[PDB]
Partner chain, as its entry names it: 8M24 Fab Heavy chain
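Presented as structure tokens, the chain that follows is alone, the form deposited without its partner chain.
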């Protein structure tokens, strides 16, 4: 069973924030719930998450902080589902905040973008039943 206020979908429980945090803080929040930032592995799961977040920048459990792109729960990135907006990920430095872009988020249309990990975005936690 999923906890109260969590949403069950295909053997996973999801929690959709209605507040924003920097990626590291969202990551910590999910771990303290015995969960992890959402790991998207199919078009079905992608459509499900999109439905609940709406047209809002939302962090997921995908990052390339100090190494290649990796899912927070160990799921393989190279052989897995991807939904990047064409021309992403670009590791952009042009925001002028220092560094590239190391954290993935759903954009307003659901396609993914890599962005500055310090930005405060909403987030999604996931746990597997």
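Numbering follows the first chain given and starts at 1. By rigid core we mean the largest C-alpha set that fits within 1.5 Å across both forms.
Undergrad: Fitting on the rigid core only, I'd like to know which of the two stretches, 66-74 or 32-40, ends up farther away in Cα terms in 6 other deposited structures of this protein.
TA: Between 66-74 and 32-40, greater C-alpha deviation in 6 other deposited structures of this protein belongs to 66-74.
Undergrad: Quick one: say whether 64-72 or 93-101 has the higher mean Cα B-factor in the deposited entry.
TA: Taking the mean B-factor of the alpha carbons in each, 64-72 is higher.
Undergrad: Tell me which of 23-31 and 42-50 has the higher mean C-alpha B-factor in the deposited entry.
TA: On average, C-alpha B-factors are higher across 42-50.
Undergrad: How does the C-alpha B factor of residue 115 compare with the rest of the chain: lowest, middle or highest third?
TA: Lowest third, going by the recorded CA B-factors of the chain.
Undergrad: Taking the chain's C-alpha temperature factors as the reference, tell me which third residue 124 falls into: lowest, middle or highest.
TA: Within its chain, residue 124 is a lowest-third residue by C-alpha B-factor, going by the deposited values.
Undergrad: Based on the deposited C-alpha B factors for this chain, I'd like to know if residue 84 is in the lowest, middle or highest third.
TA: Middle third of the chain for residue 84's C-alpha B-factor.
Undergrad: Would you please rank residue 17 by its C-alpha temperature factor against the other modelled residues of its chain and give the third it falls in: lowest, middle or highest?
TA: Middle third by C-alpha B-factor.
The discussion below concerns the form deposited with its partner chain bound, not included here.
Undergrad: Indicate whether residue 44 is a 4.5 Å heavy atom neighbour of its partner chain in the deposited complex.
TA: Flag for residue 44 set to no.
Undergrad: Answer with yes or no whether residue 76 is in contact with its partner chain in the deposited complex, where contact means some heavy atom within 4.5 Å.
TA: No - in the deposited complex, heavy atoms of residue 76 and its partner chain never come within 4.5 Å of each other.
Undergrad: Within a 4.5 Å heavy atom cut-off, is residue 9 in contact with its partner chain in the deposited complex?
TA: The answer is no: residue 9 has no heavy atom within 4.5 Å of its partner chain.
Undergrad: Please check if residue 33 has a heavy atom lying within 4.5 Å of any heavy atom of its partner chain in the deposited complex.
TA: Yes, residue 33 lies within 4.5 Å of its partner chain in the deposited complex.
Undergrad: Have a look at 83-91, 68-76, 24-32, 44-52 and name the one stretch with heavy atoms inside 4.5 Å of its partner chain in the deposited complex.
TA: Checking each option against the 4.5 Å cut-off leaves 24-32.
Undergrad: So which bits of 104-129 sit within 4.5 Å of its partner chain in the deposited complex, heavy atoms only?
TA: Sequence-ordered list: 123, 127, 129.
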